[PDB]
Amino acid sequence: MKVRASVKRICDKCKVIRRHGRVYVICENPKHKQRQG
Amino acid sequence: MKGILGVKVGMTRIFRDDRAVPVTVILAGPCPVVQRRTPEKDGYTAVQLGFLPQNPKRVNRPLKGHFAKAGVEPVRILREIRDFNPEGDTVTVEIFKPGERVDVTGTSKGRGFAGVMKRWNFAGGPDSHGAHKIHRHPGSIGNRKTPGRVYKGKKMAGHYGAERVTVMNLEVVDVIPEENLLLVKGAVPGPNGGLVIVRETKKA
Amino acid sequence: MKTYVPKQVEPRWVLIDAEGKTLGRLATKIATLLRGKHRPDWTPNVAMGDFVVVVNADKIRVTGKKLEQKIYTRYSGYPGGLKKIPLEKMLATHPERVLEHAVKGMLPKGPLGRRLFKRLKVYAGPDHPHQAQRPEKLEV
Amino acid sequence: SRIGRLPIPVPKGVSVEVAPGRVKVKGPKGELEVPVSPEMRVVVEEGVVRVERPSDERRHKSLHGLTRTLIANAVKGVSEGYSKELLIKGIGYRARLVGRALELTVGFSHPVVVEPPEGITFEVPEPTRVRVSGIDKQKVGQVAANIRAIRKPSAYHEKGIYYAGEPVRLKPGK
RNA sequence: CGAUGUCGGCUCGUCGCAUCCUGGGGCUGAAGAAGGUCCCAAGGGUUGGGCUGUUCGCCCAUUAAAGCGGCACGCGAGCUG
RNA sequence: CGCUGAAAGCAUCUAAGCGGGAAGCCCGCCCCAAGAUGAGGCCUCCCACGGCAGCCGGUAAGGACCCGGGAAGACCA
Ligand SMILES: [Mg+2]
Ligand SMILES: [Mg+2]
Ligand SMILES: [Mg+2]
Ligand SMILES: [Mg+2]
Ligand SMILES: [Mg+2]
Ligand SMILES: [Mg+2]
Ligand SMILES: [Mg+2]
Ligand SMILES: [Mg+2]
Ligand SMILES: [Mg+2]
Ligand SMILES: [Mg+2]
Ligand SMILES: [Mg+2]
Ligand SMILES: [Mg+2]
Ligand SMILES: [Mg+2]
Ligand SMILES: [Mg+2]
Ligand SMILES: [Mg+2]
Ligand SMILES: [Mg+2]
Ligand SMILES: [Mg+2]
Ligand SMILES: [Mg+2]
Ligand SMILES: [Mg+2]
Ligand SMILES: [Mg+2]
Ligand SMILES: [Mg+2]
Ligand SMILES: [Mg+2]
Ligand SMILES: [Mg+2]
Ligand SMILES: [Mg+2]
Ligand SMILES: [Mg+2]
Ligand SMILES: [Mg+2]
Ligand SMILES: [Mg+2]
Ligand SMILES: [Mg+2]
Ligand SMILES: [Mg+2]
Ligand SMILES: [Mg+2]
Ligand SMILES: [Mg+2]
Ligand SMILES: [Mg+2]
Ligand SMILES: [Mg+2]
Ligand SMILES: [Mg+2]
Ligand SMILES: [Mg+2]
Ligand SMILES: [Mg+2]
Ligand SMILES: [Mg+2]
Ligand SMILES: [Mg+2]
Ligand SMILES: [Mg+2]
Ligand SMILES: [Mg+2]
Ligand SMILES: [Mg+2]
Ligand SMILES: [Mg+2]
Ligand SMILES: [Mg+2]
Ligand SMILES: [Mg+2]
Ligand SMILES: [Mg+2]
Ligand SMILES: [Mg+2]
Ligand SMILES: [Mg+2]
Ligand SMILES: [Mg+2]
Ligand SMILES: [Mg+2]
Ligand SMILES: [Mg+2]
Ligand SMILES: [Mg+2]
Ligand SMILES: [Mg+2]
Ligand SMILES: [Mg+2]
Ligand SMILES: [Mg+2]
Ligand SMILES: [Mg+2]
Ligand SMILES: [Mg+2]
Ligand SMILES: [Mg+2]
Ligand SMILES: [Mg+2]
Ligand SMILES: [Mg+2]
Ligand SMILES: [Mg+2]
Ligand SMILES: [Mg+2]
Ligand SMILES: [Mg+2]
Ligand SMILES: [Mg+2]
Ligand SMILES: [Mg+2]
Ligand SMILES: [Mg+2]
Ligand SMILES: [Mg+2]
Ligand SMILES: [Mg+2]
Ligand SMILES: [Mg+2]
Ligand SMILES: [Mg+2]
Ligand SMILES: [Mg+2]
Ligand SMILES: [Mg+2]
Ligand SMILES: [Mg+2]
Ligand SMILES: [Mg+2]
Ligand SMILES: [Mg+2]
Ligand SMILES: [Mg+2]
Ligand SMILES: [Mg+2]
Ligand SMILES: [Mg+2]
Ligand SMILES: [Mg+2]
Ligand SMILES: [Mg+2]
Ligand SMILES: [Mg+2]
Ligand SMILES: [Mg+2]
Ligand SMILES: [Zn+2]
């Protein structure tokens with residue numbers, strides 16, 4: 001999980017979701033998981 | 001929960017399987033049931049045990065009325081065991097078998113006014129290298145202008161001992177019903193001759 | 001002419017059902033009743049409002065996410081002695097205290113204000129033990 | 001472009017009775033109560049159940065599809081029922097049925113017995129396949145997720161408990 | 001400035017968390033074992049020596065770890081000097 | 001980290017709902033504790049005494065004083 005202030009799509013499989021008041025990026029590539037923070 | 005009132009009689013050691021076992025000897029029973037606490041009447045469950053018979057010429061009328069309503073001879077001590085409802089009307093050492101673990105509660109020995117070193121195991125001060133009349137003193141008790149006060153619960157000199165203490169999970173080494181004797185492995189609070197309470201341990 | 005000052009009066013016992021009412025907006029009315037400011041002879045320096053019985057206090061209502069996020073706080077005077085109890089837990093453990101606390105904070109500080117707070121009797125569940133006072137049911 | 005508007009076929013004989021805030025579905029395999037938002041209206045037609053929303057606001061548009069699928073999942077559950085299949089992989093790994101309970105040997109120092117909750121049945125056709133079946137779709141997937149979690153698929157070997165159909169994706173080592 | 005005693009140590013703590021350890025996690029260029037990196041977490045714990053006034057630091061021998069800061073660079077109507 | 005799942009025909013731990021999950025949080029253990037003036041409860045004891053929500057005096061159940069002491073303690077308790 002990458003925790004950063006700039007969460008962005010890294011590849012075209014990346015999906016930006018909003019989950020319980022936070023921005024996450026979920027993707028089939030585990031390196032691309034992001035949480036804003 | 002099961003319990004019994006007792007007297008701490010003394011310490012010795014026995015030999016069990018070529019091991020010396022330190023024991024405290026306790027004279028426990030017999031304890032008459034003098035009153036039962038019920039949820040309907042009192043809002044909780046307990047049995048009020050009596051212990052050590054007393055000279056009736058020392059028992060005043062309200063106490064006598066309390067005993068007589070129970071059909072019990074005058075006794076010196078009344079104590080309750082919480083959440084205990086014995087079937088009989090008399091609790092004896094046989095509620096405990098050898099091998100059971102028990103909690104024991106007594107009044108610890110009284111140190112009276114105790115210093116910081118005996119009461120709280122403070123380090124005190126140096127005994128040479130210029131130390132000036134502070135060999136047993138506590139040192140600093142705070143900070144400066146912030147917060148400009150001393151915390152509640154600060155450890156300081158004062159009375160120490162003569163207070164209720166429970167020691168937990170003591171092995172019952174032997175039970176001698178003929179003499180109402182409980183043998184408990186280890187140390188038990190208070191002086192010989194002190195009143196104690198023995199209960200089934202709360203440690204699983 | 002001097003302003004009218006009442007001689008002492010029989011207080012009025014009053015009954016309020018808390019179920020479904022919003023915590024804060026119910027409390028301000030109870031506080032008004034305790035101060036007796038609904039009464040035309042209101043006098044600020046004597047205890048002369050109603051006695052207020054409240055039932056179903058455990059059924060008080062609350063907006064937003066306050067059940068989880070409203071924290072009651074107590075300080076014991078000891079290091080680390082700040083206790084934080086969320087509203088959820090207070091309702092699960094001493095529910096009558098939610099309304100009591102809300103009302104107490106809306107009464108004046110001081111001897112008269114503490115006196116007025118004793119005239120408020122809050123109960124969880126639909127029953128109260130004050131039939132002998134025959135409380136008058138109120139809709140607020 | 002809409003699940004909420006899509007009518008729900010009801011096979012005879014399944015009964016769909018409506019009540020405020022809930023929908024009760026009874027069928028040949030049991031009953032299910034579906035909690036339903038009071039803002040939504042569920043309507044019974046001939047061999048068909050439909051759900052309608054009272055506006056085009058986002059919350060109503062969001063509850064509309066949800067309510068349709070939940071009702072439909074209940075209709076399927078009492079008639080067809082639901083099931084999920086787990087493949088156990090890895091040399092020593094196997095399962096058996098101890099009574100109606102599931103015992104997994106999957107590499108720990110001990111077995112793992114899984115007790116079935118109410119409404120869940122366990123089947124072990126072969127030692128390396130486990131079936132989880134019941135009327136409640138959410139529950140079937142939950143129990144199945146639990147059993148997969150005993151020993152998840154490894155990142156480096158075809159070893160662990162897999163969903164049937166789950167693709168085996170591995171990482172190299174050395 | 002008709003005085004707010006000033007480094008370091010000792011004693012006694014208490015707090016913050018940007019966490020040294022222990023507990024829970026995600027990612028790994030994670031086979032395992034051991035690491036790396038970030039996230040949650042302040043409940044407790046966080047050794048004894050040589051040098052030097054030292055704080056610090058280096059070194060010796062260990063350790064799960066030998067955390068960093070605030071409290072008038074905490075604490076001289078408590079001691080040292 | 002999931003289940004089920006729309007808005008958004010797919011997808012999504014979430015917008016409805018459900019689960020798992022820390023030495024940490026609540027309780028559980030130990031000790032204090034009804035001046036908790038919101039002053040709680042139970043058992044038992046004495047009794048409605050004379051004379052002018054008050055005063056005066058003699059008593060009851062009880063207590064205190066005093067004395068012998070105590071692994072209780074500075075005195076006090
Ligand atoms: Mg891109
Ligand atoms: Mg995806
Ligand atoms: Mg005692
Ligand atoms: Mg002494
Ligand atoms: Mg000392
Ligand atoms: Mg000592
Ligand atoms: Mg000590
Ligand atoms: Mg020392
Ligand atoms: Mg020295
Ligand atoms: Mg010394
Ligand atoms: Mg000197
Ligand atoms: Mg001197
Ligand atoms: Mg000296
Ligand atoms: Mg000192
Ligand atoms: Mg201050
Ligand atoms: Mg004492
Ligand atoms: Mg023996
Ligand atoms: Mg002794
Ligand atoms: Mg009004
Ligand atoms: Mg005024
Ligand atoms: Mg509200
Ligand atoms: Mg309560
Ligand atoms: Mg106020
Ligand atoms: Mg003011
Ligand atoms: Mg039909
Ligand atoms: Mg219509
Ligand atoms: Mg490698
Ligand atoms: Mg100056
Ligand atoms: Mg001066
Ligand atoms: Mg001056
Ligand atoms: Mg001066
Ligand atoms: Mg510090
Ligand atoms: Mg942190
Ligand atoms: Mg750390
Ligand atoms: Mg770890
Ligand atoms: Mg390797
Ligand atoms: Mg590893
Ligand atoms: Mg890691
Ligand atoms: Mg993270
Ligand atoms: Mg992270
Ligand atoms: Mg900590
Ligand atoms: Mg702390
Ligand atoms: Mg620390
Ligand atoms: Mg060192
Ligand atoms: Mg030296
Ligand atoms: Mg030397
Ligand atoms: Mg040195
Ligand atoms: Mg040095
Ligand atoms: Mg240096
Ligand atoms: Mg150098
Ligand atoms: Mg080592
Ligand atoms: Mg380690
Ligand atoms: Mg500092
Ligand atoms: Mg500075
Ligand atoms: Mg400086
Ligand atoms: Mg300083
Ligand atoms: Mg320092
Ligand atoms: Mg200083
Ligand atoms: Mg000095
Ligand atoms: Mg100094
Ligand atoms: Mg000073
Ligand atoms: Mg000074
Ligand atoms: Mg000073
Ligand atoms: Mg000098
Ligand atoms: Mg000198
Ligand atoms: Mg998934
Ligand atoms: Mg899904
Ligand atoms: Mg789309
Ligand atoms: Mg939700
Ligand atoms: Mg849960
Ligand atoms: Mg959960
Ligand atoms: Mg799970
Ligand atoms: Mg532990
Ligand atoms: Mg007590
Ligand atoms: Mg009292
Ligand atoms: Mg008490
Ligand atoms: Mg109070
Ligand atoms: Mg009382
Ligand atoms: Mg007398
Ligand atoms: Mg004496
Ligand atoms: Mg004297
Ligand atoms: Zn991606």
Side-chain angles (χ1 to χ4, degrees), chain A residues 1-4 15 17-20 26 30-33 35 37, chain B residues 34-35 37-38 41-44 48 60-70 78 103 105 107 109-113 116 120 122-126 129-135 137-147 151 154-155 159 161-166 168 190-194 202-203, chain C residues 79-80 84-85 89 93 114 117-118, chain D residues 1-4 6 35-37 58-70 73 136-146 148-149 154-157 171-174:
Chain A
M1 183 73 81
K2 299 167 160 52
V3 184
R4 39 175 84 168
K15 171 69 158 309
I17 74 182
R18 185 176 172 82
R19 191 181 270 174
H20 308 124
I26 54 178
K31 288 192 174 200
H32 294 169
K33 265 159 67 180
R35 179 196 100 210
Chain B
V34 182
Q35 178 175 8
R37 303 291 188 181
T38 69
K41 187 84 100 46
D42 310 282
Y44 71 103
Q48 181 188 274
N60 61 46
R61 296 178 52 82
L63 305 164
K64 277 190 181 168
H66 187 68
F67 293 128
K69 196 244 189 68
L78 294 173
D103 302 340
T105 286
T107 304
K109 286 178 168 177
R111 287 81 165 164
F113 204 128
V116 108
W120 298 113
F122 281 12
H129 294 296
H132 180 48
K133 295 160 93 196
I134 47 71
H135 305 289
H137 274 249
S140 168
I141 65 173
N143 305 319
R144 206 174 168 174
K145 201 161 189 62
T146 297
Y151 311 130
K154 191 78 182 187
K155 287 170 183 174
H159 284 203
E163 42 150 335
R164 172 194 187 91
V165 176
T166 304
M168 282 176 84
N192 299 338
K202 294 186 179 62
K203 290 290 169 195
Chain C
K84 306 185 178 199
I85 308 163
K89 168 130 289 173
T93 53
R114 304 179 207 111
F117 174 81
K118 302 170 193 185
Chain D
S1 296
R2 190 89 207 79
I3 288 119
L6 191 60
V36 169
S37 153
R58 277 180 174 270
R59 172 169 36 88
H60 290 157
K61 289 171 61 223
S62 290
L63 293 169
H64 197 175
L66 168 71
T67 309
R68 192 276 185 196
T69 298
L70 295 184
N73 290 341
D136 190 326
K137 190 182 177 170
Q138 190 282 329
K139 176 183 305 186
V140 169
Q142 183 67 83
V143 167
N146 297 340
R148 193 190 101 112
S154 153
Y156 303 106
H157 301 105
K171 259 176 178 274
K174 289 167 56 178

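The basis for the numbers below is simple: all heavy atoms, side chains too, and nothing from hydrogens, waters or symmetry mates. In what follows, every chain begins at residue 1, and chains take the letters A, B, ... in the order their sequences are listed.
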Base, sugar-phosphate, or nothing for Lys145(B), non-hydrogen atoms under 4.0 angstrom? base

Applying a 4.0 Å non-hydrogen cut-off, can you work out what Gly139(B) is touching in the nucleic acid: base, sugar-phosphate, or nothing? base

So is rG57(F) sitting in a Watson-Crick or G-U wobble pair with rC49(F), both distances under 3.5 Å? yes

Distance-minimising heavy-atom pair for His66(B) and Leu78(B): CD2-CD1, 3.9 Å

Counting the atoms with a prime plus P, OP1 and OP2 as sugar-phosphate, which does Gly142(B) contact under 4.0 Å by heavy atoms, base, sugar-phosphate, or nothing? base

Output field: Watson-Crick/G-U pair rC21(E) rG44(E), thresh under 3.5 Å: yes

Under 4.0 angstrom, heavy atoms only, what part of the nucleic acid is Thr166(B) near: base, sugar-phosphate, or nothing? sugar-phosphate

With a 4.0 Å cut-off on heavy atoms, is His129(B) in touch with a base, just the backbone sugar-phosphate, or nothing at all? sugar-phosphate

Counting heavy atoms from C-beta on, name the nucleotide in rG5(F), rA6(F), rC26(F) closest to the side chain of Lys89(C). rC26(F)

Side-chain N,O (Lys202(B)) to OP1/OP2 (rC30(F)) below 4.0 Å: yes

With a 3.5 Å cut-off and heavy atoms only, can you find an N or O donor on one side and an acceptor on the other between the side chain of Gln138(D) and the base of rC3(F)? yes

Could you tell me whether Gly4(D) contacts a base, only the sugar-phosphate backbone, or nothing, with contacts defined as non-hydrogen atoms closer than 4.0 Å? nothing

Scan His159(B) against the nucleic acid and name what it touches under 4.0 Å (heavy atoms): base, sugar-phosphate only, or nothing. sugar-phosphate

Is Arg19(A) near enough to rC13(F) that one of its side-chain N or O atoms lies under 4.0 angstrom from OP1 or OP2? yes

By nearest-heavy-atom nucleotide on RNA chain E, the more 5' of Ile134(B) and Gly80(C) is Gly80(C)

So, does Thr69(D) get its side chain near the phosphate of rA6(F), meaning an N or O under 4.0 Å from OP1 or OP2? yes

Would you mind classifying the nucleic acid contact of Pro35(D) as base, sugar-phosphate or nothing, using non-hydrogen atoms under 4.0 angstrom? nothing

Which nucleotide, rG26(E), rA8(F), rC12(E), lies nearest any side-chain atom of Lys15(A)? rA8(F)

Does the pair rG28(F)/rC29(F) satisfy a centre-to-centre distance of less than 5.5 Å between six-membered base rings together with a plane angle of less than 30°? no

Do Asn143(B) and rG13(E) share a donor-acceptor pair, side chain to base, under 3.5 Å? yes

Within the structure shown, what part of the strands sits under 4.0 Å from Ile141(B) by heavy-atom distance: base, sugar-phosphate, or nothing? nothing

Of the listed nucleotides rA15(F), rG41(F), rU37(F), the one nearest the side chain of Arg37(B): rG41(F)

Among the nucleotides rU28(E), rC43(F), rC30(F), which one has an atom lying closest to any side-chain atom of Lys171(D)? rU28(E)

Once you apply a heavy-atom cut-off of 4.0 Å, does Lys154(B) come out as touching a base, just sugar-phosphate, or nothing? sugar-phosphate

May I ask you to say what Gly112(B) touches in the nucleic acid, namely base, sugar-phosphate or nothing, with a heavy-atom cut-off under 4.0 Å? sugar-phosphate

Report yes or no: is there a donor-acceptor pair, N or O only, under 3.5 Å between the side chain of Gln142(D) and the base of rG2(F)? yes

Just checking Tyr44(B): base, sugar-phosphate only, or nothing, at a heavy-atom cut-off of under 4.0 Å? nothing

Quiz item: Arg164(B) side-chain donor-acceptor pair to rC31(F) base, under 3.5 Å: no

Mind checking who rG35(E) pairs with, Watson-Crick or G-U wobble, both distances under 3.5 Å? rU28(E)

Side-chain donor/acceptor of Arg144(B) to base of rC75(E), under 3.5 Å: no

Classified sugar conformation, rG25(E), by whichever sign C1'-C2'-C3'-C4' takes: north

Give a yes or no on whether the neighbouring nucleotides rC15(E) and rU14(E) have stacked bases (ring centres less than 5.5 Å apart, plane angle less than 30°). yes

Just checking: is there a Watson-Crick or G-U wobble pair between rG2(E) and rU47(E), both distances under 3.5 Å? no

Going by modelled atom types, is there a donor-acceptor pair between the base of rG29(E) and the side chain of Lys31(A) at under 3.5 Å? yes

Just name whichever nucleotide pairs with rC58(E), Watson-Crick or G-U, keeping both distances under 3.5 Å, else none. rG50(E)

Which part of the nucleic acid, if any, lies within contact of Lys41(B), taking any heavy atom under 4.0 Å across all strands shown: a base, the sugar-phosphate backbone alone, or nothing? sugar-phosphate

North or south sugar at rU22(E), going by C1'-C2'-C3'-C4' (positive north, negative south)? north

Contact under 4.0 Å: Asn73(D) side-chain N or O vs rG5(F) OP1/OP2: yes

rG69(F): pairing nucleotide in any strand, Watson-Crick or G-U under 3.5 angstrom: none

Base stack present between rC71(E) and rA72(E), cut-offs 5.5 angstrom and 30 degrees: no

Heavy atoms from C-beta onward define the side chain here; which of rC39(E), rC71(E), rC18(F) lies closest to that of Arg35(A)? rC39(E)

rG67(E) and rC17(E), Watson-Crick or G-U wobble pair at under 3.5 Å for both distances? yes

What nucleotide, of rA15(F), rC29(F), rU4(F), holds the atom closest to the side chain of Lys137(D)? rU4(F)

Does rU44(F) have OP1 or OP2 under 4.0 Å away from a side-chain N or O of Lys69(B)? yes

Rounded to whole angstrom units, what separation is found between the CZ atom of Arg2(D) and the P atom of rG9(F)? 8 Å

Do you know which two heavy atoms are closest between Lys202(B) and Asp103(B), and how far apart they sit? N-OD2, 3.1 Å

Atom NZ of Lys61(D) and atom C1' of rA15(F) are separated, to the nearest Å, by 12 Å

Kindly point out which of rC75(E), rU80(E), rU12(F) is positioned nearest to the side chain of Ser140(B)? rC75(E)

Side chain of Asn60(B) only, heavy atoms from C-beta on: which candidate in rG62(F), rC39(E), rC27(E) is closest? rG62(F)

Any strand, both distances under 3.5 Å, Watson-Crick or G-U wobble: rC12(E) pairs with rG74(E)

Identify whether any heavy atom of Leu70(D) sits under 4.0 Å from a base atom; if not, whether one sits that close to sugar-phosphate; answer base, sugar-phosphate or nothing. base

